[PDB]
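With the input below, show me the fold.
(chains A, B and C, ligands or ions: 5)
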Amino acid sequence: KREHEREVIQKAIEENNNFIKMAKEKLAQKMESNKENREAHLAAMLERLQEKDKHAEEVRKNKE
Amino acid sequence: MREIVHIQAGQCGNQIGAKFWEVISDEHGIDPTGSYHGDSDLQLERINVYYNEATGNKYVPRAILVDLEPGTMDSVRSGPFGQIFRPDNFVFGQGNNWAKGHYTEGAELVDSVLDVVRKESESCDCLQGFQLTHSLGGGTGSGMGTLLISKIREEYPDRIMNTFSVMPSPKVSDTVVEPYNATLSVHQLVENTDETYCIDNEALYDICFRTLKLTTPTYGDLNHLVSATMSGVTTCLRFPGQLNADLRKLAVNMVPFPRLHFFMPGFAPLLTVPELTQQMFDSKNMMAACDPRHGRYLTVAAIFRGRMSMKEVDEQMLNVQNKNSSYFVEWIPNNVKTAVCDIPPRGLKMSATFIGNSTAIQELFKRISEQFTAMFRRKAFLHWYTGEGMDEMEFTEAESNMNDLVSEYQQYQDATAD
Amino acid sequence: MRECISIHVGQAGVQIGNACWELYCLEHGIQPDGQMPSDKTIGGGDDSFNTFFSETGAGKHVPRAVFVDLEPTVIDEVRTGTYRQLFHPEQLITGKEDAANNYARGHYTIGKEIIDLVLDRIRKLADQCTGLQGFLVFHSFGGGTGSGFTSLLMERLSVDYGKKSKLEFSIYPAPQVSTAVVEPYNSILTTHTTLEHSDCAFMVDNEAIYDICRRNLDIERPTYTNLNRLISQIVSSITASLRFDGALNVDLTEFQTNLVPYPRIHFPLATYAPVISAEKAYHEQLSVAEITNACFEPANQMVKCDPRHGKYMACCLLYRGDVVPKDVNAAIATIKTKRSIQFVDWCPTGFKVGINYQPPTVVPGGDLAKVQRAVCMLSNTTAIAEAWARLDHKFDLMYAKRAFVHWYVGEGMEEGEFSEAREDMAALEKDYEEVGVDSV
Ligand SMILES: Nc1nc2c(ncn2[C@@H]2O[C@H](COP(=O)(O)OP(=O)(O)OP(=O)(O)O)[C@@H](O)[C@H]2O)c(=O)[nH]1
Ligand SMILES: Nc1nc2c(ncn2[C@@H]2O[C@H](COP(=O)(O)OP(=O)(O)O)[C@@H](O)[C@H]2O)c(=O)[nH]1
Ligand SMILES: COc1ccc(N(C)c2nc(Cl)nc3sccc23)cc1
Ligand SMILES: [Ca+2]
Ligand SMILES: [Mg+2]
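Numbering: from 1, shown residues only, chains lettered A, B, ... in the order given. Ligands and ions are numbered 1, 2, ... in the order given. Shown next is the structure:
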């Protein structure tokens, strides 16, 4: 029975720790995934804007 | 403080810009010298949204004045309140051609404008974004305004870009190249603004002639409508109330899809609370010359200004939606929202301003598409644009994107919940 | 010991927090400067009110509270308001750019820039506690901060404070006073993300509170102040067993044991009585039998749903004022005969009763009559799932067209966070159905 008592309390510690680990890892992957996505969207906005600068150089060149 | 930076471009931009600053300065108790002489402190709670603070408790509008033709600011400085504007925020050149404003003359001047934009922006606690007044039918406000948007957006990709865009009508101006200039501006607005108020000269004329009985309406009479509307649609940005709004909250709640961001403003009266409500949804009170019963409302924002029973406004706004339920898309629950502010505009004891994202706006764009193709097949006046280096593909694409926007507005007019 | 730290998030949570702490100060005789002349224990003590207030050496009683908003406007009114001296400035935390009604900005874009500072401020409070029981989080479902920052915070609190108790007062959206068309999206996202991190959550439907002010207080068009004063009475009723002493006093965590049969089923329905105007309370005293009866009238619920067409898994009565067990037992006995109170087959039908003798307080200038006795019922009924159904429906109408989804995607979110959140809510509605089916 003593052996069983300290396995119960070890199990409680092990669940509580695993719950803390999973939460900590979950939001670390969530925040990292969120930064990549937002940066991909801002980078795409700039890539298209920077293309409008290229097209305006060409338009001035076609004038010559 | 959540600062808005105001930019006015071209002839039309600066005229309605000044009038906007005249009306809100008067509403906030700012005189032409920047001094506060007001009654309520609701006038100064959020005054920093639009005004900069200066020594001697001077309030200076956070405004940048731009035009490729000098003289237009001359009238501004000599106009009423012309000395309230910061003099370094005047930027001027020395021709009704979109390409020259966007690609040739406007490019020469655009950096000096951005320098002034930077100076005002860098002195902000937290920049909401920008607000541009311009016409779509001329050369500076249309071509250079849209270039300024592209360059500002490149440098501030995370701030809101908002414009008041004046649409050309053959009923006000005869310049034949307006449908070209307007279509080219719309091509930029669809891609690069978050919100655009369609201030339609055709609706402004039809209002002045038919409703106000002005047989020969001037730009003065047209722009009196424009300042009343601009005062209305900004009410919840400038005053404290139950819903404290900013440009991003306006965008998020009004724009269900990125490209469907062109708003029909309405104003009333052009009264009893049920009458205001009924008139505000009336096609004759719209500044966009579109019948709302020819389309569906994606979203609506309403501002009631003046002293009135807010219980009565709550019932009437619910009443109009129930009796007109078919004209509000069913797949956006609770898509009508109403705000109330106590200060009315000058001369009115109570007013209602209306901001609609309606698929009936396609009528506005269809009108210009027709005026555009009437010329484009004829290749008429194209040399004014190809001469500046433009290629035909651009004209086709701008036309083709504007035609896509109408289909999309038609796509959601037709969607259903089940 | 047994301290509780209150965390007030976004406009709704901050302003409701103002109403509650003002009420708490009135109930305990704490002045706007924090002085409490009846506390003879200067600088400390293990009194009941000490679960919610710490004491400084100079005799000031300071709320165990942190206020957080992603913009300064609302918390600036606390900093300049009638109770400014009550709070140490470090308890009032504000960013510069709010969430703009966008969960993604509250959870990710703006929220991540201030979460560490917030958790440090909470840590400074936990460290002043001899035995911390847990946290009470106040927030709206609908706002960008209340939804997005709250769920980011609840996630972080689970990491930093193990399985320490986390309780919520969550403001459910109503069209009468809502501020954004995207409130259904933010509600589902935050409900999904928080469900595993919250032990017990009291939903307050703004339409119910709004109807009660109109029907029972004759307020034509209720403001936030009208709603919050009534909401703070309900919050006061729930926390009163932690803040006051009593022989007949039953600890909230003893009610919690009965209210939560399965971790996910943790949303009690609160009903509060009597809500009556001064004009109508005059020469009309409501008995224990009358106020207990009012708890089974659906128009007095903090959430609109119909318990008569659902099943009970628990029923708790929290009384405050001039009440004795003899009257309560009499009232319950007649109610059980005359009312539709059906329990699921797997749970006992008794009613857990708690009585606190300190009678209810009213804020000067309010609309609520001061009364001799009041009651808050906390019941676990399957009917509360109707509130989830209404919201999940509103979410479905917009999400099928992907309306407004581009504002969340532009901040870094993915469509699968939407679908994942909606499925969890679907499973939650299914959970409430399963617990109400009879055993085999
Ligand atoms: N009962 C009550 N509800 C409120 C109050 N203030 C806001 N709400 C509710 O909160 C919802 C919107 O969430 P808010 O808390 O206002 O937004 P927020 O927390 O400031 O987050 P942001 O969107 O970033 O500003 C609305 O639907 C309101 O019904 C209040 O003072 N009392
Ligand atoms: N409604 C309105 N439209 C205007 C006003 N001024 C110009 N427009 C329109 O703008 C178009 C010409 O643009 P314009 O102002 O000349 O551009 P700019 O000369 O480059 O600044 C015409 O089609 C007019 O209809 C005005 O004050 N009110
Ligand atoms: C779609 O539902 C909506 C529409 C608009 C808003 N907000 C942020 C507003 N913003 C501004 Cl500037 N003015 C006004 S007037 C009434 C609302 C309102 C909120 C919800
Ligand atoms: Ca003490
Ligand atoms: Mg806010």
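
all helices for the stretch 301-418 of chain B, in order.
For the stretch 301-418 of chain B, the helices defined by DSSP state H, counting those that start in this stretch cover B:310-323, B:362-376, B:383-386, B:392-414.

Check which residues of the longest one are buried.
Residues of helix B:392-414 classed as buried: B:394-395, B:398-399, B:401-403, B:405-406, B:408-409, B:412-413 (neighbour count, 16 or more other CB atoms under 10 Å in any protein chain shown). Using the backbone N, CA and C atoms, a C-beta is placed for each residue, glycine as well.

before we move on, what about stretch B:55-62?
B:59-62.

Tell me who's in contact with the closest residue to residue C:130 other than its chain neighbours.
Spatially, and ignoring its direct neighbours in sequence, residue C:130 is nearest to residue C:1 (4.1 Å; CB to CB, 6 or more residues apart in numbering or on different chains). By CB atoms under 8 Å, 6 or more residues apart in numbering or on different chains, the contact set of residue C:1 is C:46, C:129-131.

Then residue A:62?
Contacts of residue A:62 (CB under 8 Å, 6+ apart): B:389-391.

repeat for residue C:320
Counting by CB under 8 Å, 6+ apart, residue C:320 has contacts C:237, C:240, C:355-360, C:373-375.

can you check residue C:199 too?
Residue C:199 neighbours (CB under 8 Å, 6+ apart): C:134, C:165-167, C:256, C:260, C:263, C:266.

Can you go through those residues and name the buried ones?
Looks like those have C:134, C:165-167, C:256, C:260, C:266 buried, using 16+ other CB under 10 Å.

Doesn't residue B:300 lie inside a strand?
Yes. Counting by DSSP: H, G, I helix; E, B strand; the rest coil, residue B:300 is part of a strand.

So what's the residue count around the closest residue to it other than its chain neighbours?
Using CB to CB, 6+ apart and skipping residues adjacent in sequence, the residue nearest residue B:300 is residue B:336, 4.4 Å away. Residue B:336: 18 surrounding residues under other CB atoms under 10 Å in any protein chain shown.

Over to the one 5 residues further on?
When neighbours are counted by other CB under 10 Å, residue B:341 registers 20.

Do I have it right that it meets residue B:302?
No. In this structure, residue B:341 is not within contact of residue B:302 by CB atoms under 8 Å, at 11.5 Å.

circling back to that earlier point, highest neighbour count among the contacts of residue C:1?
residue C:129 leads the contacts of residue C:1 on contacts (other CB under 10 Å) with 16 neighbours.

Unless I misread the structure, that residue falls within a helix.
No. Under three-state DSSP, residue C:129 falls outside any helix and is assigned coil.

That one contacts residue C:3, doesn't it?
Yes. Between residue C:129 and residue C:3 there is a contact at 4.1 Å, judged by CB under 8 Å.

before we move on, back to that, are any of the contacts of residue C:320 buried, and if so which?
C:237, C:240, C:355-358, C:360, C:373-375.

contacting residues around the residue nearest to residue B:300?
With CB under 8 Å, 6+ apart, residue B:336 has these contacts: B:297, B:299-300, B:302, B:317, B:321, B:328.

Most widely separated two among those residues?
Across the contacts of residue B:336, the longest distance by CB to CB is 13.8 Å; it joins B:299 and B:317.
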